[PDB]
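Asks: Give me a model of this one.
(5 chains)
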Amino acid sequence: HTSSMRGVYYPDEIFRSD
Amino acid sequence: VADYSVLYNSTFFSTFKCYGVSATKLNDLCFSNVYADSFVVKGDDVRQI
Amino acid sequence: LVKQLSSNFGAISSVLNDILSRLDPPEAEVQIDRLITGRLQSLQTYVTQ
Amino acid sequence: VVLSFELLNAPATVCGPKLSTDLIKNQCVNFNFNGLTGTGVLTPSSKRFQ
Amino acid sequence: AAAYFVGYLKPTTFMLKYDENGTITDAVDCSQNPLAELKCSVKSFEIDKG
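Replies: Numbers count the residues shown, from 1 in each chain, chains lettered A, B, ... in the order given. And now the structure:
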């Protein structure tokens, strides 16, 4: 009943390192 | 594979006003997917677009 | 300094070699001047600090 | 006719009449991959692209 | 069993950690607590005292 750190998608298609 | 050659030689276009990108540089740059539109305005409605 | 390098100082994009590919030189110099001024100001502030 | 352009950092499908060339690795040369202009040394690393 | 579990969203800022191989596995929503906003402002996951 609570979205505990859920729904995190990639904002774009660019690959990013550390 | 686009060429953008049939749009610059002819002069039957009323208002060739590009936004964001330039027309003279579309022959080298590629795109992922282009979207075309089709609608008829009442002459003086081109400036509103 | 790195974050100020990738800053869009009132131009089309904050990354070089991207406005010279989609725009014309007479229309691209206007956007290049703003980025140059912003980067010069940021680098001068960094040098002062 | 409104020709809307869209990239979204997606693999380019519609290109221009420019002809492709050969891959020259380990040498500082100009590159035009998908329109991205610049100059660098084409060298492979251990990155994992999705 | 047949549920919905639908939840609305609001425009907010997020700090995405990028681990090896291009996976996220961790994020900080900078809209719930001042501690999260501080973590997002300094770009760090471990904040010192002060």
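
Asks: Quick check: residues of chain C near chain D?
Replies: Chain C has residues C:17, C:20-21 near chain D, with proximity defined as Cβ under 8 Å from any Cβ of the partner chain. Using the backbone N, CA and C atoms, a C-beta is placed for each residue, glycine as well.

Asks: between those residues, which is nearest residue C:11?
Replies: residue C:20 (11.6 Å; Cβ to Cβ).

Asks: can you list the residues that contact the one helix or strand the closest one maps to?
Replies: Assessed by DSSP states H and E, residue C:20 sits inside helix C:19-22. With contacts defined as Cβ atoms under 8 Å, 6 or more residues apart in numbering or on different chains, helix C:19-22 is touched by B:20-22, B:25, B:28-29, C:11-13, C:28, C:31-32, D:35, D:37.

Asks: For the closest residue to chain E within chain C, grab the count of nearby residues.
Replies: Closest to chain E within chain C is residue C:3: 9.7 Å, counting by Cβ to the nearest Cβ. Other residues near residue C:3 come to 8 when the count uses other Cβ atoms under 10 Å in any protein chain shown.

Asks: Assign it to helix, strand or coil.
Replies: helix (DSSP: H, G, I helix; E, B strand; the rest coil).

Asks: phi, psi of residue C:35?
Replies: Phi and psi for residue C:35, reported as degrees, to the nearest 10, are phi -60, psi -40.

Asks: can you pull out the helices in chain D?
Replies: With DSSP state H, there are no helices along chain D.

Asks: Distance check, the spatially most central residue of it against residue B:25.
Replies: Nearest to the mean C-alpha position of chain D, by Cα atoms, centre = their mean, lies residue D:33 at 1.4 Å. From residue D:33 across to residue B:25, the span is 17 Å (Cβ to Cβ, to the nearest Å).

Asks: Nearest residue to whatever residue of chain D ends up closest to chain E in space, please, no chain neighbours.
Replies: Residue of chain D nearest chain E, by Cβ to the nearest Cβ: residue D:48 (4.8 Å). Excluding the flanking residues, the one nearest residue D:48 by Cβ to Cβ, 6 or more residues apart in numbering or on different chains is residue E:21, at 4.8 Å.

Asks: Residue B:25 too?
Replies: residue C:22 (5.6 Å).

Asks: With residue D:37 instead?
Replies: Counting by Cβ to Cβ, 6+ apart, residue C:17 is the residue found nearest to residue D:37 once chain neighbours are left out, at 4.6 Å.

Asks: show me what contacts the residue in chain D that chain A sits nearest to?
Replies: Residue nearest to chain A within chain D: residue D:9 (3.7 Å; Cβ to the nearest Cβ). Shown in contact with residue D:9 (Cβ under 8 Å, 6+ apart): A:12-14.

Asks: about what we covered before: give the contact list for the residue nearest to residue D:37.
Replies: Residue C:17 is in contact with D:36-38, counting by Cβ under 8 Å, 6+ apart.

Asks: Next to chain A in this structure, residues from chain D, please.
Replies: Counting by Cβ under 8 Å from any Cβ, chain D comes close to chain A at D:8-10, D:47, D:49-50.

Asks: what's the farthest-apart pair in these?
Replies: The span of those, defined through Cβ to Cβ, is set by D:8 and D:47 at 21.2 Å.
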